[PDB]
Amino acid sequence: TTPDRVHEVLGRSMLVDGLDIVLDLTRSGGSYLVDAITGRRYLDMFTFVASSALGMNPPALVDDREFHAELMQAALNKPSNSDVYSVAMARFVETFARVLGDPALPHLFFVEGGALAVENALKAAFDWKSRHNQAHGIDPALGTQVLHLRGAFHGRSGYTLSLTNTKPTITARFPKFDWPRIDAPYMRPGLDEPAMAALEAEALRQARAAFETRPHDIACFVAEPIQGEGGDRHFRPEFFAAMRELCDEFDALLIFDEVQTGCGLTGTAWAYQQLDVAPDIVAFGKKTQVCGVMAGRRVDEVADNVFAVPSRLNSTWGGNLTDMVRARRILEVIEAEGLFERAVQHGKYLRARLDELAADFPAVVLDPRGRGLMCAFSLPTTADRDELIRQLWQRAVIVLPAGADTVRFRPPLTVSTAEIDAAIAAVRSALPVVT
């Protein structure tokens, strides 16, 4: 079966709605995907939906003969890491703790898949609230609800479909829990400090009313520190600091979903580190390859929590051992090459170019925004946004849409300024055509 027959073969069994290219696994490299059909190179600002930290075939992995042997040993089999431990797994865990660890969150748990990472954070919270309730004479049947935001995306699994609310297509006709949802007071152009503060006060009022009308029954508040799929919506640290206080006042855990923000993209290991808000639990995935949760802070106050009692959380495999070995090596490159700092510096560069674009196309390039390499702008209409994406595709630049009118950039941490310039040049060429 040949590159030119891939879509035909897949189309017999599945809906084939992905990209027109066929990925060349060998010739792709760095910020470039290679189409196996034509040999055309595509500038990658999409990175498998933000899940690739170093891009394709990074030299540090590709040339490391010792790593090849370690990776191959892992890749031949697929152990259940839940039951059976290995050196390969232990090395991953200790380097994870070293590079991405937070001393307040010592408990680690791994699973395949970002939605399941968020679910296990929820399960930890449900268990914690029920037991905390029980310990203070409150009915342990209470503590089953999740406070969350409008525009959130946390996955497409049984619990996360009750939280995710972006496009109706994602959630329609699937059963849901009736959990409290509050407005998202994200930053927008032409609102100053007082205007933002009033927007936040209204979301906070809603949050407080949820807690007061469902007493002892809200186990946690969950949020993306920056909403990704819903449209790269950013929040002031003030908003989360207030939410932190409100969670503590009502004995509820604060969970950040860093599946999309995490692992260096914003310039630090985790976005929450720049907002100066301490979560009780963090869900991670995508760039970490293996998914999971880190937990601590108030979790520890319930001594028989899910991290302390066997068999409360589990899966057959406990994450994919191949992903752990790959992730271990990727983390070592990040640490060795100072890639978080490189994300800060190139993120400032990309953001500066987007500011310039906005200045040159004031009516068209709206709300340029970002934190580190997580950057975006918006268009007047969704028709303009969709056309811009098509025009970029024609120019061999891959970007992702988000929300109704956003174009998002998800470059690899190793992106160069010349590559950023090439992406910007394409947007510049395309814009007069969409107008």
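Residue indices: 1-based, along the sequence shown.
Once the C-alpha B-factors are averaged per stretch, 76-84 and 347-355 rank with 347-355 first. Comparing 381-389 with 38-46, the higher mean C-alpha B-factor in the PDB entry belongs to 381-389. Which of 365, 104, 247, 269 has the largest Cα B-factor in the deposited entry comes down to 365. Among 188, 98, 287, 173, the highest C-alpha B-factor in the deposited entry belongs to 188.
Ranked by Cα temperature factor within the chain, residue 375 sits in the middle third according to the deposited record. Per-chain ranking of the deposited C-alpha B factor places residue 17 in the highest third. Per the deposited record, the Cα B-factor of residue 139 falls in the highest third when ranked against the other modelled residues of its chain.
In this PDB entry, residue 178 carries a Cα temperature factor that places it within the highest third of its chain's modelled residues. For residue 92, the recorded CA temperature factor ranks within the lowest third of the chain's modelled residues.
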